[PDB]
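Novice: This block holds the first chain(s) of the complex, placed as they are in the complex; more will follow:
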Amino acid sequence: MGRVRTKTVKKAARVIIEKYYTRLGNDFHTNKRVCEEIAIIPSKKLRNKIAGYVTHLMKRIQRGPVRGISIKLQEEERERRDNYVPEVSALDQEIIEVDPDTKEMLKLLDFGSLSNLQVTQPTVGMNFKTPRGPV
Amino acid sequence: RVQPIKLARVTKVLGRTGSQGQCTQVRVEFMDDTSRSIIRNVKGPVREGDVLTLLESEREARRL
Amino acid sequence: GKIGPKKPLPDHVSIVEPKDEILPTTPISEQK
């Protein structure tokens, strides 16, 4: 127990992972060596605590989007978001479910009686609203 | 007539008790019947998977 | 070390700034 890492190591690990994600890897004994030259760390204990947290954070990064930024994950996001645009829209459906109450609204706006509109049967019962209070 | 001394094996530890931490409550199942199991407070260091003897069948059952 | 001490603060971590070094070009080979 008592193995909590403080701001001094966590912020440094996040910064060096952001700057040198490509060079860094899954090996603790190699991350401790790259930490020799990527930053000036006054103490060996501080440097290997930082290296251990770096390896832990890289294990987290290889699976998920940790708050520490990474250019590969950033460009993958910037791809997914602007892409997977479907070849056919979800808004060009041939038939559209239209309530008769909603149907009269289009009549005033004189855009009703379209082919894609299908006048359904409105629900009967008015059974909405949850039972009040407990039970 | 009197109930004989029997054995019960600890399956789970339910945490300390006794107003000083001096007892720990453990769920124990009788070696005679696996299904039949109760909870008893015992003293001394206890870990799951050990057998302790009982001089009586029922003494106590409560949840804290 | 004149105006003060030389050792940095023990908890002060300074990270050097790298260059770009992206190199997205095709694989070539300089001959020299």
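Specialist: Structure received. Numbering: from 1, shown residues only, chains lettered A, B, ... in the order given.
Novice: going forward, measure contacts between C-alpha atoms and count neighbours the same way
Specialist: Noted.
Novice: Give me the distance between the residue in chain C that chain A sits nearest to and residue C:5.
Specialist: Going by CA to the nearest CA, chain A is nearest to residue C:15 of chain C, at 4.1 Å. Residue C:15 is 20 Å from residue C:5, where distance means CA to CA, to the nearest Å.
Novice: Name the residue in those two with the higher neighbour count.
Specialist: residue C:15 (16 against 8; other CA atoms under 10 Å in any protein chain shown).
Novice: How about the more buried one: what's its closest non-neighbour residue?
Specialist: residue A:39 (4.1 Å; CA to CA, 6 or more residues apart in numbering or on different chains).
Novice: Do I have it right that that neighbour meets residue C:12?
Specialist: No. Between residue A:39 and residue C:12 there is no contact under CA atoms under 8 Å: 10.4 Å.
Novice: returning to what we had before: which ones are touching the residue of chain C closest to chain A?
Specialist: A:15, A:16, A:38, A:39, A:40 (CA atoms under 8 Å, 6 or more residues apart in numbering or on different chains).
Novice: which residue ranges form the strands in the chain?
Specialist: You didn't pick a chain, so chain A it is. Counting by DSSP state E, chain A has strands at residues A:39-40, A:96-98, A:117-119.
Novice: my bad, chain C
Specialist: C:14-15.
Novice: Give me every residue in it lying close to chain A.
Specialist: For chain C, the contact set with chain A under CA under 8 Å from any CA of the partner chain comprises C:8, C:9, C:10, C:11, C:12, C:13, C:14, C:15, C:16, C:17, C:18.
Novice: tally of neighbours for the second one?
Specialist: If I follow you right, that is residue C:9. Residue C:9 is flanked by 10 other residues according to other CA under 10 Å.
Novice: let's put chain D on the structure above:
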Amino acid sequence: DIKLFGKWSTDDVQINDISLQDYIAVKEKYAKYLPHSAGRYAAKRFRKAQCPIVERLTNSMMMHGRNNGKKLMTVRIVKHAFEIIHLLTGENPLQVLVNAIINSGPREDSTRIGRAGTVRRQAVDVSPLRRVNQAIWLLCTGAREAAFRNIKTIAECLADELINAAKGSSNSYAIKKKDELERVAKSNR
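Specialist: Alright, chain D goes in next:
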């Protein structure tokens, strides 16, 4: 092949009750030539159960300040007491010690400080580890009290304490104390 104190093979000893088999350490890897193998047995919980029981007896037998570090003397005392118990019984001293521990370890006790209800307060069961610890403590206390102000040697008093506890004759201090504890636990049920 080990022969604790040069004799009395350990493999011939069988543990009586299932409850204390995992906590009495006499056989197989718990087979040492001497009960002095200081090996950091207090570094973690449930590690003294891996300490051989003769070493536990030796550690518990040096008490009351006048002899606290004198473990070589206690090893010698245990060796002699084993010689006497083998001489009296004809059976294995390790078996006698095991049976004495089984019969001396109390099975129930009392606890809680709720205004001291009847004797202590509320009855409680005891763990196997505490059974072993209290058995060894009771045996050592009985031997020490028996041999304090008289001509009988520590080895002889330890021998007769262990013999009486193994045979359950109720002539032993450990057995009498165990019976008293069980009685007050019954009253505090």
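Novice: Report the contact partners of the residue nearest to the spatial centre of chain D.
Specialist: What sits nearest the mean C-alpha location of chain D, by CA atoms, centre = their mean, is residue D:136, with 2.5 Å. By CA under 8 Å, 6+ apart, the residues touching residue D:136 are D:56, D:57, D:60, D:101, D:105.
Novice: Chain B contacts on chain D?
Specialist: Counting by CA under 8 Å from any CA, chain D sits next to chain B at D:18-20, D:46, D:107-108, D:111-112, D:124-130, D:189.
Novice: The same query, at a cut-off of 7 Å, please.
Specialist: D:19, D:107, D:112, D:124, D:125, D:126, D:127, D:128, D:129, D:130 (CA under 7 Å from any CA of the partner chain).
Novice: number of nearby residues for the closest residue to chain C within chain D?
Specialist: Per CA to the nearest CA, residue D:43 is where chain D lies closest to chain C, at 33.5 Å. Using other CA under 10 Å, residue D:43 has 9 other residues around it.
Novice: Not counting its neighbours along the chain, what's nearest the residue of chain D positioned farthest from its centre?
Specialist: Going by CA atoms, centre = their mean, the residue of chain D most distant from its centre is residue D:115, 32.5 Å out. Nearest residue to residue D:115, sequence neighbours excluded (CA to CA, 6+ apart): residue D:121, at 7.6 Å.
Novice: my guess is that neighbour contacts residue D:109, does it?
Specialist: No. Applying CA atoms under 7 Å, one finds residue D:121 not in contact with residue D:109, separated by 10.2 Å.
Novice: For those two, indicate the residue with more neighbours.
Specialist: residue D:109 (23 against 19).
Novice: Now do the residue nearest to the more buried one when sequence neighbours are not counted: how many residues are near it, please.
Specialist: The shortest distance from residue D:109 to any non-neighbouring residue, by CA to CA, 6+ apart, is to residue D:185 (4.9 Å). Residues near residue D:185, counting by other CA under 10 Å, number 22.
Novice: Append RNA strand E to the structure above:
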RNA sequence: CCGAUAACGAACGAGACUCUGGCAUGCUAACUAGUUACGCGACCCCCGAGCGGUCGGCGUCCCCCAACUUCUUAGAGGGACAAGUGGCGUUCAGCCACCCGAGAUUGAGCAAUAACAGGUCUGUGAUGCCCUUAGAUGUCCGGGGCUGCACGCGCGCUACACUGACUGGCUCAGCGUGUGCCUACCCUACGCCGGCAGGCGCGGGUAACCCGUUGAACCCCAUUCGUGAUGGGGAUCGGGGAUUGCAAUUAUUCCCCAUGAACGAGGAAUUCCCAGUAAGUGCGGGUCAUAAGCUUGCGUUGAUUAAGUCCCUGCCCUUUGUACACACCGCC
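Specialist: Following on from the chains above, RNA strand E is added here:
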């Protein structure tokens, strides 16, 4: 610390840091450290070994006349990160267990804002005020006192015994000190005398060079004692002998022979303590002309119990109530 977020960005403290301990047959080195090997020896075996066994006996930096750094010393470095595996966890921060490993919580030092009518004017040529300043409260010298005892309390030492005491044999340390500005007073080997404390000559050491390979105690192995206030305990007290000092009476200390008192494990209460720890056990340093029952350190032997709780004693955070704010030892 992760996260939630009218907060964001910081600063101190904690941590980080320094010293110490544990591992490096890896590097650097060693006549003020050694180890091996070899040559001279000395003793035993000698049937017959003989590259036999022992030597803290002498040599091979007495410079051409051996190597090496394992042991010792001490520097540079390395090494351990919750790093690897399994499980728990929002799968976050982390937690538990296990493997490998010397090491998976080694001990210390330092240590915030604010404060106390806490202690020191008897540490200071730190100091304000006040007092005294020649029949002195200055300073010096002589003597006495600080020790004085119907009694109460605190820190300790020795014990109450056979898990012991006495007698003998054997056997193992680490800290660290050691010849003086003034200032006079060091640690001591070896030889002789004495029963002892000591005394008398000769050295060595300003020191990994000499004490010193610190032949420590406990422990270990043999002897006597035999459950008794006994060979337990050594208080009290008589006589004698030395040492320090200018001076030993109100005994400075030490030695010898006599006396062997309470004390047979201690009420109510109450202290300290989690691993090389408690405790047993000695040895250094400080004080020291003479000196430790004190203290500060060091080694040696070396455990029982526990890996929890808020019950007592308190502490921290939140909510809460308050007629308190000299703050519940309050107020009324």
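Novice: With RNA strand E now part of the structure, what is the answer for the neighbour count of residue C:9?
Specialist: By the criterion of other CA under 10 Å, residue C:9 has 10 neighbours.
Novice: now it: how far from chain D?
Specialist: 37 Å (CA to the nearest CA, to the nearest Å).
Novice: how close does that residue sit to chain B?
Specialist: For residue C:9, the distance to chain B - CA to the nearest CA - is 45 Å.
Novice: Quick check: that residue vs residue B:55, distance?
Specialist: For residue C:9 relative to residue B:55 (CA to CA), the value is 66 Å.
Novice: With RNA strand E in mind, check whether the helix or strand hosting the residue nearest to the centre of chain D reaches it.
Specialist: Using DSSP states H and E, residue D:136 maps to helix D:128-147. Yes. On the criterion CA under 7 Å from any atom of the strand, helix D:128-147 is in touch with RNA strand E at D:130, D:133, D:134, D:137, D:140, D:143, D:144, D:147.
Novice: same thing with stretch A:21-34?
Specialist: Yes. For a cut-off given as CA under 7 Å from any atom of the strand, stretch A:21-34 has contacts with RNA strand E, namely A:28, A:29.
Novice: Can you point out the buried residues in stretch C:15-32?
Specialist: Residues of stretch C:15-32 classed as buried: residue C:15 (neighbour count, 16 or more other CA atoms under 10 Å in any protein chain shown).
Novice: Just confirm yes or no for stretch D:56-64 near RNA strand E.
Specialist: Yes. For stretch D:56-64, a contact with RNA strand E is found by CA under 7 Å from any atom of the strand, at D:56, D:59, D:60, D:61, D:62, D:63.
Novice: Next, the angle helix D:128-147 makes with the helix or strand following the helix holding residue D:136.
Specialist: Using DSSP H and E, the helix or strand that directly follows helix D:128-147 along the chain is helix D:154-167. Interaxial angle, helix D:154-167 versus helix D:128-147 (axes from the mean of the first three to the mean of the last three CA atoms, to 10 degrees): 130 degrees.
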